[PDB]
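Here is the structure we will look at, set down as structure tokens.
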Amino acid sequence: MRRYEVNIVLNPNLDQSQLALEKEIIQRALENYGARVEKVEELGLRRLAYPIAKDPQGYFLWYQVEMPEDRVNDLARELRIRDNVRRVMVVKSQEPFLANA
Amino acid sequence: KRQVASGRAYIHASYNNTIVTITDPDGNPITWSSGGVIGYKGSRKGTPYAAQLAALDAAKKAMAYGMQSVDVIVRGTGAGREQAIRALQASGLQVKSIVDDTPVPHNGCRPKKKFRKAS
Amino acid sequence: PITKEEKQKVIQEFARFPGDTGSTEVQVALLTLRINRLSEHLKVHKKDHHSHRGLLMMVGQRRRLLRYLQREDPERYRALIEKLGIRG
Amino acid sequence: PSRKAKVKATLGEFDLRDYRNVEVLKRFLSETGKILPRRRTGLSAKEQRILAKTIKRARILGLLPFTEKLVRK
RNA sequence: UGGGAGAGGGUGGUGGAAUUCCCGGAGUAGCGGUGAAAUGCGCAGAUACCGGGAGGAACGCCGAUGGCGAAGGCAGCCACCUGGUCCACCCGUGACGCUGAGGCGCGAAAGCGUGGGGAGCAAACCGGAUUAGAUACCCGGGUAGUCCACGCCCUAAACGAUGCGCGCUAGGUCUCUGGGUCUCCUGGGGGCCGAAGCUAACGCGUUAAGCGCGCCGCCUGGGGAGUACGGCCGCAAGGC
Ligand SMILES: [K+]
Ligand SMILES: [K+]
Ligand SMILES: [Mg+2]
Ligand SMILES: [Mg+2]
Ligand SMILES: [Mg+2]
Ligand SMILES: [Mg+2]
Ligand SMILES: [Mg+2]
Ligand SMILES: [Mg+2]
Ligand SMILES: [Mg+2]
Ligand SMILES: [Mg+2]
Ligand SMILES: [Mg+2]
Ligand SMILES: [Mg+2]
Ligand SMILES: [Mg+2]
Ligand SMILES: [Mg+2]
Ligand SMILES: [Mg+2]
Ligand SMILES: [Mg+2]
Ligand SMILES: [Mg+2]
Ligand SMILES: [Mg+2]
């Protein structure tokens with residue numbers, strides 16, 4: 001198992017009806033490939049630097065699983081087929097290299 | 001005659017000619033001028049002067065429409081550029097701001113041989 | 001890649017004795033490990049000519065050590081091979 | 001010339017690998033979204049490098065700009 | 001065993017700027033191009049402007065005078081697979097080494113074959129200029145090609161015009177990457193300046209073109225000529 005991070009910026013104009021309805025699919029696929037929960041942050045709405053998917057705002061969903069390598073890419077295939085999921089960036093975890101600390 | 005009031009001016013330089021375009025509050029033009037519009041035909045449509053007239057003229061067709069406030073926006077490089085901006089300064093309009101927004105690619109299309117010679 | 005546990009096991013599977021980190025036996029075994037991998041890799045990415053040069057690097061290296069073995073301990077040699085599908 | 005401050009000191013203890021710390025990274029771009037010249041960010045060769053990949057990584061997430069219009073003038 | 005840097009390679013995905021085309025809005029007489037022009041495009045409404053969409057190709061700033069690779073050569077971002085390499089410790093093997101005819105593999109661009117793709121650029125070609133002429137430079141278009149897959153081709157100012165490996169012989173200075181008790185010492189790499197020495201000179205100078213040893217490749221006046229013949233390879237162009 002390798003430690004990864006799964007940034008997800010989805011539709012800001014989403015209600016708590018489907019919001020939780022999309023966070024179940026995410027958890028589904030996540031654990032359907034092997035991802036294992038850990039330090040998770042749901043910062044929420046934020047004004048993107050540039051208009052994305054037509055909208056000038058995004059709802060961020062940062063995670064930190066630890067799934068099987070040869071699966072990761074698949075964990076990204078089915079994680080994008082959603083329509084409210086407008087961005088998926090999974091990137092391996094790496095001890096924070098400080099500087100000027 | 002929608003009495004625009006306040007809008008934006010779009011200057012456009014080139015080593016070949018200048019063209020100004022006074023648009024409404026957001027995007028949709030109104031009037032416009034160029035070295036062509038006015039008198040000059042050959043390479044004089046580039047000359048700063050031409051660029052000047054072009055701006056002044058383009059601005060008066062804009063006073064008619066009742067214009068007062070403008071947001072200048074520049075694009076390109078050519079003698080005209082700042083000159084046209086400098087002409088719009090006087091003319092008879094309030095220049096709210098000046099934003100240089102030239103279109104530069106993050107390198108995508110091979111330029112014409114006239115713009116390469118450095119591979 | 002090749003996990004630490006994965007390697008340390010082969011090193012004990014071949015070591016002539018406790019502490020035998022690097023001997024003509026270990027090395028060859030270890031080498032073969034890498035070769036076999038990189039090979040199955042080049043069966044998929046036939047266009048990775050770069051990794052391929054590395055193969056030749058390894059292959060030759062092994063042929064080197066072995067050429068030593070068969071000369072020093074003609075017996076240890078027949079041993080190694082007859083347990084690595086080498087020389088076929 | 002570069003006669004003003006220095007994005008290095010004009011900051012505190014931080015992580016260059018932080019592709020989500022918008023408020024700090026923001027500091028490393030000119031009036032325009034162009035990443036800053038090292039001889040301005042005050043970083044080192046190895047920092048300026050991590051930073052770079054960090055920024056560019058963040059831009060994709062949509063937290064940082066790819067480009068801005070040059071105001072003033 | 002434990003750390004490190006990297007545009008080293010293969011596969012899949014994905015991001016934004018820009019160009020072209022199409023859709024719509026708003027708008028009017030030109031745009032473009034040049035030393036001047038003109039061809040060309042525009043009232044079937046272009047150019048400039050705004051919003052939407054399609055698509056191909058290439059990655060701005062970072063970026064270096066920097067890095068990686070044996071060379072060719074390699075830079076958006078993420079993941080997977082995979083090569084090389086440096087350091088510390090001195091832990092294991094015990095000379096297991098170096099070079100390398102032939103062989104085999106890799107090998108920019110153009111080119112060839114089959115299939116696909118085709119935004120921009122553009123041999124040939126069609127035009128506008130220039131000119132005594134203009135089979136050119138400048139301008140407008142534009143096909144092969146440039147892109148991808150697979151298979152060929154095997155060439156180059158394929159250059160550091162400098163084969164590989166090892167030992168020895170002042171230092172100074174800048175820099176990339178590592179270890180250390182971190183005004184600095186030590187290792188690996190990239191530069192400039194210079195001891196000794198070398199060189200026809202220019203220059204080289206611990207990254208040798210210096211002092212040496214080892215193995216390979218090659219040279220032997222210019223032209224005829226990288227031609228003819230022969231052989232071998234190639235679908236061909238052609239190559240050795
Ligand atoms: K006309
Ligand atoms: K040859
Ligand atoms: Mg558009
Ligand atoms: Mg080169
Ligand atoms: Mg012993
Ligand atoms: Mg080739
Ligand atoms: Mg080619
Ligand atoms: Mg072809
Ligand atoms: Mg063209
Ligand atoms: Mg003629
Ligand atoms: Mg042409
Ligand atoms: Mg066409
Ligand atoms: Mg050279
Ligand atoms: Mg050195
Ligand atoms: Mg001299
Ligand atoms: Mg010198
Ligand atoms: Mg002769
Ligand atoms: Mg020839």
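Following the order of the structure tokens, chains are lettered A, B, ..., residues in each are numbered from 1, and ligands are numbered from 1.
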
When the cut-off is 10 Å and we count only C-alpha atoms (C1' of nucleotides), which residues of chain A are near chain E, given as a list in words?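 Contact residues on the first chain: residues 50, 69, 70, 71, 72, 73, 74, 76, 77, 87, 88, 89, 90, 91 and 92 of chain A.
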
Selection as a PDB file with N, CA, C and O atoms (P, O5', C5', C4', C3', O3' and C1' of nucleotides), in the first residue's frame: residues within 8 Å of ligand 9 by only C-alpha atoms (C1' of nucleotides) and all ligand atoms:
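Written file, out-v5.pdb:
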ATOM      1  N   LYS B 112       4.878  31.903 -38.277  1.00  0.00           N
ATOM      2  CA  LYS B 112       5.283  32.020 -39.665  1.00  0.00           C
ATOM      3  C   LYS B 112       6.791  32.240 -39.680  1.00  0.00           C
ATOM      4  O   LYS B 112       7.359  32.802 -38.735  1.00  0.00           O
TER       5      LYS B 112
ATOM      6  P     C E 121      -0.104  29.621 -40.492  1.00  0.00           P
ATOM      7  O5'   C E 121       1.282  28.854 -40.680  1.00  0.00           O
ATOM      8  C5'   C E 121       2.396  29.087 -39.782  1.00  0.00           C
ATOM      9  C4'   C E 121       3.491  28.074 -40.017  1.00  0.00           C
ATOM     10  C3'   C E 121       3.980  27.959 -41.449  1.00  0.00           C
ATOM     11  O3'   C E 121       5.022  28.886 -41.681  1.00  0.00           O
ATOM     12  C1'   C E 121       3.635  25.804 -40.513  1.00  0.00           C
ATOM     13  P     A E 122       5.307  29.390 -43.170  1.00  0.00           P
ATOM     14  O5'   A E 122       5.535  28.042 -43.988  1.00  0.00           O
ATOM     15  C5'   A E 122       6.863  27.546 -44.223  1.00  0.00           C
ATOM     16  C4'   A E 122       6.818  26.209 -44.932  1.00  0.00           C
ATOM     17  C3'   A E 122       6.509  26.225 -46.425  1.00  0.00           C
ATOM     18  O3'   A E 122       7.730  26.259 -47.154  1.00  0.00           O
ATOM     19  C1'   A E 122       5.198  24.574 -45.319  1.00  0.00           C
ATOM     20  P     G E 141      -2.960  34.540 -46.702  1.00  0.00           P
ATOM     21  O5'   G E 141      -3.173  33.584 -47.958  1.00  0.00           O
ATOM     22  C5'   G E 141      -3.371  32.186 -47.801  1.00  0.00           C
ATOM     23  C4'   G E 141      -3.662  31.570 -49.135  1.00  0.00           C
ATOM     24  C3'   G E 141      -3.519  30.060 -49.163  1.00  0.00           C
ATOM     25  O3'   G E 141      -4.704  29.405 -48.754  1.00  0.00           O
ATOM     26  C1'   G E 141      -2.361  31.009 -51.011  1.00  0.00           C
ATOM     27  P     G E 142      -4.602  28.151 -47.757  1.00  0.00           P
ATOM     28  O5'   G E 142      -3.886  27.038 -48.646  1.00  0.00           O
ATOM     29  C5'   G E 142      -4.350  26.713 -49.965  1.00  0.00           C
ATOM     30  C4'   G E 142      -3.298  25.913 -50.697  1.00  0.00           C
ATOM     31  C3'   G E 142      -2.683  24.777 -49.897  1.00  0.00           C
ATOM     32  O3'   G E 142      -3.464  23.590 -50.017  1.00  0.00           O
ATOM     33  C1'   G E 142      -0.962  26.078 -50.888  1.00  0.00           C
TER      34        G E 142
END

Can you tell me which residues come within 12 Å of ligand 13 when counting only C-alpha atoms (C1' of nucleotides) and all ligand atoms, ideally as a PyMOL selection string? chain E and resi 157-162

Generate the output file for the selected residues, N, CA, C and O atoms (P, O5', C5', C4', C3', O3' and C1' of nucleotides), as a PDB file, in the first residue's frame.
ATOM      1  P     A E 157      29.724  14.527 -39.955  1.00  0.00           P
ATOM      2  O5'   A E 157      29.663  15.811 -39.027  1.00  0.00           O
ATOM      3  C5'   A E 157      29.963  17.080 -39.568  1.00  0.00           C
ATOM      4  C4'   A E 157      29.651  18.102 -38.563  1.00  0.00           C
ATOM      5  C3'   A E 157      28.196  18.342 -38.335  1.00  0.00           C
ATOM      6  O3'   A E 157      28.138  18.432 -36.965  1.00  0.00           O
ATOM      7  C1'   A E 157      29.301  20.388 -38.728  1.00  0.00           C
ATOM      8  P     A E 158      26.900  17.829 -36.223  1.00  0.00           P
ATOM      9  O5'   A E 158      26.935  16.303 -36.672  1.00  0.00           O
ATOM     10  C5'   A E 158      27.874  15.372 -36.117  1.00  0.00           C
ATOM     11  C4'   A E 158      27.141  14.350 -35.285  1.00  0.00           C
ATOM     12  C3'   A E 158      27.934  13.237 -34.627  1.00  0.00           C
ATOM     13  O3'   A E 158      28.532  13.669 -33.404  1.00  0.00           O
ATOM     14  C1'   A E 158      25.981  12.355 -35.616  1.00  0.00           C
ATOM     15  P     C E 159      30.139  13.618 -33.240  1.00  0.00           P
ATOM     16  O5'   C E 159      30.489  15.087 -32.760  1.00  0.00           O
ATOM     17  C5'   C E 159      30.711  15.348 -31.380  1.00  0.00           C
ATOM     18  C4'   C E 159      30.973  16.808 -31.178  1.00  0.00           C
ATOM     19  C3'   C E 159      29.758  17.713 -31.212  1.00  0.00           C
ATOM     20  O3'   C E 159      30.010  18.756 -30.282  1.00  0.00           O
ATOM     21  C1'   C E 159      31.285  18.344 -32.898  1.00  0.00           C
ATOM     22  P     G E 160      29.659  18.559 -28.726  1.00  0.00           P
ATOM     23  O5'   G E 160      30.967  19.108 -28.001  1.00  0.00           O
ATOM     24  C5'   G E 160      31.365  20.508 -28.118  1.00  0.00           C
ATOM     25  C4'   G E 160      32.881  20.635 -28.157  1.00  0.00           C
ATOM     26  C3'   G E 160      33.567  20.056 -29.391  1.00  0.00           C
ATOM     27  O3'   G E 160      34.799  20.745 -29.501  1.00  0.00           O
ATOM     28  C1'   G E 160      34.398  19.009 -27.494  1.00  0.00           C
ATOM     29  P     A E 161      35.043  21.809 -30.665  1.00  0.00           P
ATOM     30  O5'   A E 161      35.284  20.928 -31.964  1.00  0.00           O
ATOM     31  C5'   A E 161      36.037  19.732 -31.887  1.00  0.00           C
ATOM     32  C4'   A E 161      35.352  18.645 -32.662  1.00  0.00           C
ATOM     33  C3'   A E 161      36.246  17.471 -32.965  1.00  0.00           C
ATOM     34  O3'   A E 161      35.393  16.345 -33.018  1.00  0.00           O
ATOM     35  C1'   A E 161      35.653  18.571 -34.992  1.00  0.00           C
ATOM     36  P     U E 162      35.381  15.297 -31.819  1.00  0.00           P
ATOM     37  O5'   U E 162      36.882  15.286 -31.303  1.00  0.00           O
ATOM     38  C5'   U E 162      37.731  14.153 -31.525  1.00  0.00           C
ATOM     39  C4'   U E 162      38.730  14.045 -30.407  1.00  0.00           C
ATOM     40  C3'   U E 162      38.167  13.601 -29.058  1.00  0.00           C
ATOM     41  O3'   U E 162      39.158  12.881 -28.321  1.00  0.00           O
ATOM     42  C1'   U E 162      39.189  15.695 -28.852  1.00  0.00           C
TER      43        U E 162
END

Could you pull the residues within 12 Å of residue 79 (chain B), counting only C-alpha atoms (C1' of nucleotides), minus those fewer than 4 positions along the same chain, as a list in words? residues 12, 13, 14, 15, 16, 17, 18, 44, 45, 46, 47, 48, 49, 50, 51, 52, 83, 84, 85 and 86 of chain B

Selection to disk with N, CA and C atoms, as a tab-separated table (two decimals), in the first residue's frame:
chain	number	residue	atom	x	y	z
B	12	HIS	N	-5.78	48.41	-30.20
B	12	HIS	CA	-5.16	47.27	-30.85
B	12	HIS	C	-4.04	47.67	-31.79
B	13	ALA	N	-2.81	47.60	-31.30
B	13	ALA	CA	-1.65	47.97	-32.09
B	13	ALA	C	-1.19	46.87	-33.02
B	14	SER	N	-0.32	47.26	-33.94
B	14	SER	CA	0.25	46.36	-34.93
B	14	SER	C	1.28	47.24	-35.63
B	15	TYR	N	2.33	46.65	-36.19
B	15	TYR	CA	3.33	47.46	-36.86
B	15	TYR	C	2.77	47.84	-38.21
B	16	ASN	N	1.52	47.46	-38.41
B	16	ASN	CA	0.82	47.70	-39.66
B	16	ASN	C	-0.36	48.64	-39.61
B	17	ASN	N	-0.98	48.76	-38.44
B	17	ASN	CA	-2.16	49.59	-38.32
B	17	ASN	C	-2.69	49.58	-36.90
B	18	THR	N	-3.60	50.49	-36.60
B	18	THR	CA	-4.19	50.54	-35.27
B	18	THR	C	-5.69	50.56	-35.40
B	44	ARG	N	0.91	54.37	-43.57
B	44	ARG	CA	0.67	55.49	-42.67
B	44	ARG	C	-0.40	55.17	-41.64
B	45	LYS	N	-1.06	54.02	-41.79
B	45	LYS	CA	-2.11	53.63	-40.85
B	45	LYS	C	-1.46	53.11	-39.58
B	46	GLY	N	-0.14	52.98	-39.62
B	46	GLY	CA	0.58	52.51	-38.46
B	46	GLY	C	1.09	53.69	-37.65
B	47	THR	N	1.62	54.69	-38.36
B	47	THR	CA	2.16	55.91	-37.76
B	47	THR	C	1.40	56.28	-36.50
B	48	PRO	N	2.12	56.72	-35.46
B	48	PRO	CA	1.44	57.09	-34.22
B	48	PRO	C	0.31	58.08	-34.48
B	49	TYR	N	0.55	59.06	-35.34
B	49	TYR	CA	-0.47	60.05	-35.62
B	49	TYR	C	-1.79	59.36	-36.00
B	50	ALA	N	-1.74	58.51	-37.02
B	50	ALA	CA	-2.91	57.79	-37.47
B	50	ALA	C	-3.55	57.14	-36.25
B	51	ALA	N	-2.73	56.46	-35.47
B	51	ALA	CA	-3.23	55.82	-34.27
B	51	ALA	C	-3.92	56.87	-33.41
B	52	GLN	N	-3.36	58.08	-33.37
B	52	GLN	CA	-3.97	59.12	-32.57
B	52	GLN	C	-5.37	59.43	-33.08
B	83	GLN	N	0.52	55.64	-27.58
B	83	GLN	CA	0.13	56.88	-28.24
B	83	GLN	C	-1.39	56.99	-28.24
B	84	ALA	N	-2.06	55.95	-28.73
B	84	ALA	CA	-3.52	55.91	-28.78
B	84	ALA	C	-4.08	56.06	-27.38
B	85	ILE	N	-3.41	55.44	-26.41
B	85	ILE	CA	-3.85	55.53	-25.03
B	85	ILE	C	-3.70	56.98	-24.64
B	86	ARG	N	-2.59	57.57	-25.07
B	86	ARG	CA	-2.30	58.96	-24.77
B	86	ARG	C	-3.31	59.91	-25.42

Restrict the distance test to only C-alpha atoms (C1' of nucleotides), flag each residue of chain E within 10 Å of chain C, and return the flagged residues as a PDB file with N, CA, C and O atoms (P, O5', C5', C4', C3', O3' and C1' of nucleotides), in the first residue's frame.
ATOM      1  P     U E   1      20.230  -4.687   0.633  1.00  0.00           P
ATOM      2  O5'   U E   1      20.440  -3.764   1.905  1.00  0.00           O
ATOM      3  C5'   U E   1      20.226  -4.298   3.208  1.00  0.00           C
ATOM      4  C4'   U E   1      20.571  -3.274   4.238  1.00  0.00           C
ATOM      5  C3'   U E   1      19.919  -1.922   4.025  1.00  0.00           C
ATOM      6  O3'   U E   1      18.602  -1.885   4.555  1.00  0.00           O
ATOM      7  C1'   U E   1      22.231  -1.651   4.486  1.00  0.00           C
ATOM      8  P     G E   8      15.314  13.795 -16.481  1.00  0.00           P
ATOM      9  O5'   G E   8      15.542  12.664 -17.583  1.00  0.00           O
ATOM     10  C5'   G E   8      16.452  12.870 -18.671  1.00  0.00           C
ATOM     11  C4'   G E   8      16.821  11.552 -19.292  1.00  0.00           C
ATOM     12  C3'   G E   8      15.657  10.723 -19.799  1.00  0.00           C
ATOM     13  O3'   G E   8      15.262  11.071 -21.103  1.00  0.00           O
ATOM     14  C1'   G E   8      17.013   9.371 -18.448  1.00  0.00           C
ATOM     15  P     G E   9      13.703  11.025 -21.483  1.00  0.00           P
ATOM     16  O5'   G E   9      13.413   9.475 -21.699  1.00  0.00           O
ATOM     17  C5'   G E   9      14.118   8.751 -22.718  1.00  0.00           C
ATOM     18  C4'   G E   9      13.760   7.285 -22.681  1.00  0.00           C
ATOM     19  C3'   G E   9      12.297   6.926 -22.858  1.00  0.00           C
ATOM     20  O3'   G E   9      11.906   6.885 -24.226  1.00  0.00           O
ATOM     21  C1'   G E   9      13.154   5.774 -20.996  1.00  0.00           C
ATOM     22  P     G E  10      10.380   7.216 -24.621  1.00  0.00           P
ATOM     23  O5'   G E  10       9.585   5.947 -24.074  1.00  0.00           O
ATOM     24  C5'   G E  10       9.602   4.718 -24.806  1.00  0.00           C
ATOM     25  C4'   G E  10       8.645   3.736 -24.199  1.00  0.00           C
ATOM     26  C3'   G E  10       7.192   4.173 -24.044  1.00  0.00           C
ATOM     27  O3'   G E  10       6.389   4.013 -25.219  1.00  0.00           O
ATOM     28  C1'   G E  10       7.955   3.248 -22.017  1.00  0.00           C
ATOM     29  P     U E  11       5.066   4.929 -25.407  1.00  0.00           P
ATOM     30  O5'   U E  11       4.015   4.359 -24.351  1.00  0.00           O
ATOM     31  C5'   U E  11       3.489   3.021 -24.453  1.00  0.00           C
ATOM     32  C4'   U E  11       2.514   2.765 -23.324  1.00  0.00           C
ATOM     33  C3'   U E  11       1.393   3.784 -23.200  1.00  0.00           C
ATOM     34  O3'   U E  11       0.308   3.523 -24.075  1.00  0.00           O
ATOM     35  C1'   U E  11       2.365   3.432 -21.071  1.00  0.00           C
ATOM     36  P     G E  69      23.267  10.735 -15.642  1.00  0.00           P
ATOM     37  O5'   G E  69      22.885  10.255 -17.109  1.00  0.00           O
ATOM     38  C5'   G E  69      21.798   9.339 -17.293  1.00  0.00           C
ATOM     39  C4'   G E  69      21.612   9.005 -18.750  1.00  0.00           C
ATOM     40  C3'   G E  69      22.864   8.671 -19.542  1.00  0.00           C
ATOM     41  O3'   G E  69      23.343   7.342 -19.289  1.00  0.00           O
ATOM     42  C1'   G E  69      21.469  10.123 -20.815  1.00  0.00           C
ATOM     43  P     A E  70      24.927   7.107 -19.048  1.00  0.00           P
ATOM     44  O5'   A E  70      25.577   7.571 -20.434  1.00  0.00           O
ATOM     45  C5'   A E  70      26.999   7.467 -20.646  1.00  0.00           C
ATOM     46  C4'   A E  70      27.318   7.263 -22.109  1.00  0.00           C
ATOM     47  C3'   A E  70      26.634   8.195 -23.078  1.00  0.00           C
ATOM     48  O3'   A E  70      27.298   9.416 -23.145  1.00  0.00           O
ATOM     49  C1'   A E  70      26.467   6.000 -23.898  1.00  0.00           C
ATOM     50  P     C E  81       4.518   0.604 -10.020  1.00  0.00           P
ATOM     51  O5'   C E  81       5.342   0.159 -11.316  1.00  0.00           O
ATOM     52  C5'   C E  81       4.976  -1.049 -12.018  1.00  0.00           C
ATOM     53  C4'   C E  81       5.613  -1.112 -13.393  1.00  0.00           C
ATOM     54  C3'   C E  81       7.136  -1.090 -13.475  1.00  0.00           C
ATOM     55  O3'   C E  81       7.732  -2.358 -13.239  1.00  0.00           O
ATOM     56  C1'   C E  81       6.242   0.400 -15.072  1.00  0.00           C
ATOM     57  P     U E  82       9.067  -2.439 -12.340  1.00  0.00           P
ATOM     58  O5'   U E  82      10.194  -1.764 -13.246  1.00  0.00           O
ATOM     59  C5'   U E  82      10.569  -2.355 -14.501  1.00  0.00           C
ATOM     60  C4'   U E  82      11.537  -1.467 -15.238  1.00  0.00           C
ATOM     61  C3'   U E  82      12.691  -0.897 -14.439  1.00  0.00           C
ATOM     62  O3'   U E  82      13.756  -1.797 -14.218  1.00  0.00           O
ATOM     63  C1'   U E  82      11.797   0.786 -15.837  1.00  0.00           C
ATOM     64  P     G E  83      15.009  -1.322 -13.320  1.00  0.00           P
ATOM     65  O5'   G E  83      15.858  -0.442 -14.340  1.00  0.00           O
ATOM     66  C5'   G E  83      16.359  -1.034 -15.545  1.00  0.00           C
ATOM     67  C4'   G E  83      17.311  -0.104 -16.236  1.00  0.00           C
ATOM     68  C3'   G E  83      18.452   0.423 -15.394  1.00  0.00           C
ATOM     69  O3'   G E  83      19.527  -0.486 -15.304  1.00  0.00           O
ATOM     70  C1'   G E  83      17.511   2.179 -16.667  1.00  0.00           C
ATOM     71  P     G E  84      20.507  -0.413 -14.031  1.00  0.00           P
ATOM     72  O5'   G E  84      21.276   0.973 -14.218  1.00  0.00           O
ATOM     73  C5'   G E  84      22.133   1.164 -15.353  1.00  0.00           C
ATOM     74  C4'   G E  84      22.533   2.610 -15.494  1.00  0.00           C
ATOM     75  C3'   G E  84      23.381   3.223 -14.393  1.00  0.00           C
ATOM     76  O3'   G E  84      24.754   2.903 -14.547  1.00  0.00           O
ATOM     77  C1'   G E  84      21.664   4.726 -15.018  1.00  0.00           C
ATOM     78  P     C E  91      34.196  -3.792   7.666  1.00  0.00           P
ATOM     79  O5'   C E  91      32.609  -3.807   7.782  1.00  0.00           O
ATOM     80  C5'   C E  91      31.968  -4.568   8.807  1.00  0.00           C
ATOM     81  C4'   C E  91      30.847  -5.371   8.224  1.00  0.00           C
ATOM     82  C3'   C E  91      31.223  -6.210   7.026  1.00  0.00           C
ATOM     83  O3'   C E  91      31.786  -7.457   7.397  1.00  0.00           O
ATOM     84  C1'   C E  91      29.285  -4.953   6.524  1.00  0.00           C
ATOM     85  P     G E  92      32.964  -8.089   6.495  1.00  0.00           P
ATOM     86  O5'   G E  92      32.185  -8.918   5.372  1.00  0.00           O
ATOM     87  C5'   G E  92      31.310 -10.001   5.733  1.00  0.00           C
ATOM     88  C4'   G E  92      30.589 -10.534   4.514  1.00  0.00           C
ATOM     89  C3'   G E  92      31.471 -11.043   3.387  1.00  0.00           C
ATOM     90  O3'   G E  92      31.955 -12.381   3.552  1.00  0.00           O
ATOM     91  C1'   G E  92      29.884  -9.539   2.491  1.00  0.00           C
ATOM     92  P     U E  93      33.407 -12.760   2.950  1.00  0.00           P
ATOM     93  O5'   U E  93      33.165 -12.774   1.378  1.00  0.00           O
ATOM     94  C5'   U E  93      32.273 -13.729   0.789  1.00  0.00           C
ATOM     95  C4'   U E  93      32.347 -13.660  -0.714  1.00  0.00           C
ATOM     96  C3'   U E  93      33.725 -13.847  -1.327  1.00  0.00           C
ATOM     97  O3'   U E  93      34.030 -15.215  -1.520  1.00  0.00           O
ATOM     98  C1'   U E  93      32.680 -11.970  -2.301  1.00  0.00           C
ATOM     99  P     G E  94      35.502 -15.757  -1.160  1.00  0.00           P
ATOM    100  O5'   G E  94      36.492 -15.074  -2.199  1.00  0.00           O
ATOM    101  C5'   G E  94      36.272 -15.187  -3.606  1.00  0.00           C
ATOM    102  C4'   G E  94      37.042 -14.118  -4.301  1.00  0.00           C
ATOM    103  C3'   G E  94      38.542 -14.337  -4.288  1.00  0.00           C
ATOM    104  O3'   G E  94      39.021 -13.747  -5.473  1.00  0.00           O
ATOM    105  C1'   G E  94      38.032 -12.354  -3.115  1.00  0.00           C
ATOM    106  P     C E  96      40.810 -13.051 -12.288  1.00  0.00           P
ATOM    107  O5'   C E  96      39.220 -13.061 -12.171  1.00  0.00           O
ATOM    108  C5'   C E  96      38.476 -11.864 -12.434  1.00  0.00           C
ATOM    109  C4'   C E  96      37.023 -12.037 -12.058  1.00  0.00           C
ATOM    110  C3'   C E  96      36.193 -10.771 -12.204  1.00  0.00           C
ATOM    111  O3'   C E  96      35.728 -10.686 -13.543  1.00  0.00           O
ATOM    112  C1'   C E  96      35.693 -11.875 -10.145  1.00  0.00           C
ATOM    113  P     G E 105      20.156  -6.686 -34.582  1.00  0.00           P
ATOM    114  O5'   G E 105      20.068  -5.527 -33.482  1.00  0.00           O
ATOM    115  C5'   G E 105      19.260  -5.712 -32.305  1.00  0.00           C
ATOM    116  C4'   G E 105      19.568  -4.669 -31.260  1.00  0.00           C
ATOM    117  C3'   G E 105      19.242  -3.228 -31.588  1.00  0.00           C
ATOM    118  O3'   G E 105      17.888  -2.914 -31.348  1.00  0.00           O
ATOM    119  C1'   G E 105      21.395  -3.335 -30.629  1.00  0.00           C
ATOM    120  P     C E 106      17.189  -1.756 -32.216  1.00  0.00           P
ATOM    121  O5'   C E 106      17.846  -0.406 -31.675  1.00  0.00           O
ATOM    122  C5'   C E 106      17.373   0.186 -30.470  1.00  0.00           C
ATOM    123  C4'   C E 106      18.258   1.329 -30.065  1.00  0.00           C
ATOM    124  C3'   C E 106      18.243   2.579 -30.921  1.00  0.00           C
ATOM    125  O3'   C E 106      17.142   3.424 -30.623  1.00  0.00           O
ATOM    126  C1'   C E 106      20.474   2.001 -30.438  1.00  0.00           C
TER     127        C E 106
END

Show me which residues sit within 12 Å of ligand 14 when counting only C-alpha atoms (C1' of nucleotides) and all ligand atoms, and put them as a PyMOL selection string. chain E and resi 173-177+187-191+206-207

Nearby residues, ligand 15, 9 Å, only C-alpha atoms (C1' of nucleotides) and all ligand atoms, as an NGL selection string: :E and (201-203)

Based on the selection just made, write N, CA and C atoms (P, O5', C5', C4', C3', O3' and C1' of nucleotides) of those residues as a PDB file, in the first residue's frame.
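The new file part-v3.pdb reads:
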ATOM      1  P     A E 201      54.828  27.039 -31.105  1.00  0.00           P
ATOM      2  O5'   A E 201      53.762  28.200 -30.903  1.00  0.00           O
ATOM      3  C5'   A E 201      53.838  29.411 -31.693  1.00  0.00           C
ATOM      4  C4'   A E 201      52.475  29.779 -32.250  1.00  0.00           C
ATOM      5  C3'   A E 201      51.317  29.938 -31.269  1.00  0.00           C
ATOM      6  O3'   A E 201      51.266  31.243 -30.702  1.00  0.00           O
ATOM      7  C1'   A E 201      50.634  28.631 -33.124  1.00  0.00           C
ATOM      8  P     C E 202      50.362  31.513 -29.390  1.00  0.00           P
ATOM      9  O5'   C E 202      48.864  31.220 -29.854  1.00  0.00           O
ATOM     10  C5'   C E 202      48.178  32.080 -30.787  1.00  0.00           C
ATOM     11  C4'   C E 202      46.808  31.533 -31.077  1.00  0.00           C
ATOM     12  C3'   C E 202      46.051  31.144 -29.823  1.00  0.00           C
ATOM     13  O3'   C E 202      45.389  32.252 -29.245  1.00  0.00           O
ATOM     14  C1'   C E 202      45.898  29.395 -31.413  1.00  0.00           C
ATOM     15  P     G E 203      44.861  32.149 -27.733  1.00  0.00           P
ATOM     16  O5'   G E 203      43.836  30.940 -27.794  1.00  0.00           O
ATOM     17  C5'   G E 203      43.575  30.161 -26.629  1.00  0.00           C
ATOM     18  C4'   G E 203      43.691  28.710 -26.972  1.00  0.00           C
ATOM     19  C3'   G E 203      43.662  27.788 -25.781  1.00  0.00           C
ATOM     20  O3'   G E 203      42.331  27.432 -25.461  1.00  0.00           O
ATOM     21  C1'   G E 203      45.495  27.244 -27.174  1.00  0.00           C
TER      22        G E 203
END
